[PDB]
Every structure is written in structure tokens, then in C-alpha cells.
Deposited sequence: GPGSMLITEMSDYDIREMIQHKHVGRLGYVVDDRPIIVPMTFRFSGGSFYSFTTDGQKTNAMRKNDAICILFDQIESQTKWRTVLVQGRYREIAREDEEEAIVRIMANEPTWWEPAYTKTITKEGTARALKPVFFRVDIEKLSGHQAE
């Protein structure tokens, strides 16, 4: 049985699950890469030192992030964020860095970016 996750459980997942899997499109083909994200002010913040990822997402800014907690084949939770790559300007990197780090529970030339949310969905199976 697959049901919709409550907003509370979606929120717990996207506040507390550091690692997400980022999807982007190159030449009409999907690529997935694990990244660590911080949800702050309704967007997800991250960075990459991989110029190929940066370039890909500049040319096609339609991206997603999967967060999931998979216990078994029949016990799992998934949250999909669909949105847009928005690259952080040099002038705004210190803001991005503080948003990323400020009051995080866990312990920790990049190009910083955020993911603005166009659709957020969450489901679970018990």
C-alpha cells in the first residue's frame, strides 16, 4: 500500500536528510548524482566543484531531487522535489554558505546553487 506522506513527515525528511540524489538533463538524457543539500527559506542549497554539472544545469535548469528512506521493498518513504537550478552569484556566496551551515544538527572553487521548488511530492509504503 502506497499513500501520500503527511506534510510533517515530508518536512522531517527534507529538513533532516542531508543526502539527496540530484537529477538533471544533458542532451535529452537523465543523469543522477548524490549531493548534500540544505533546505532553507523554501529552497535547497548546495554546491559543486564539477564544472560539467554546472554547465549542464546552466543549459537546462530543469532539475529534481529525490530524498528517500528505504527500509525494505515494502517499507519506504520518498520525497521528490522538482524545480529549477538557480546559480548563486559571487556576491551572494557568503549568504549561501551561512544558509547552508547555520544551525545544522550534523557535522560538515565551488559554484553554489539553489534549487527552487516547483513541485514537491511525498509518498510512503507500509
Ranges of the deposited sequence (numbered from 1) for which no C-alpha atom is modelled: 1-5, 114-130
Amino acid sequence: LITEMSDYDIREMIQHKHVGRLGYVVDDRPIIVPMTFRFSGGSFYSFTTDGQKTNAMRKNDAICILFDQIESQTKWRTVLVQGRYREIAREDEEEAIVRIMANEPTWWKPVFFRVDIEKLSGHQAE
From here on, numbers count along this sequence of modelled residues.
Stretch with the higher entry mean CA B-factor, where the candidates are 9-17 and 113-121: 9-17
Selected stretch [higher average CA B-factor]: 60-68 or 89-97: 89-97
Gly42 by Cα B-factor - lowest, middle or highest third of the modelled chain: middle
Third of the chain, ranked by Cα B-factor, where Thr49 sits: highest
CA B-factor placement of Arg77, once the chain's modelled residues are sorted into thirds: middle
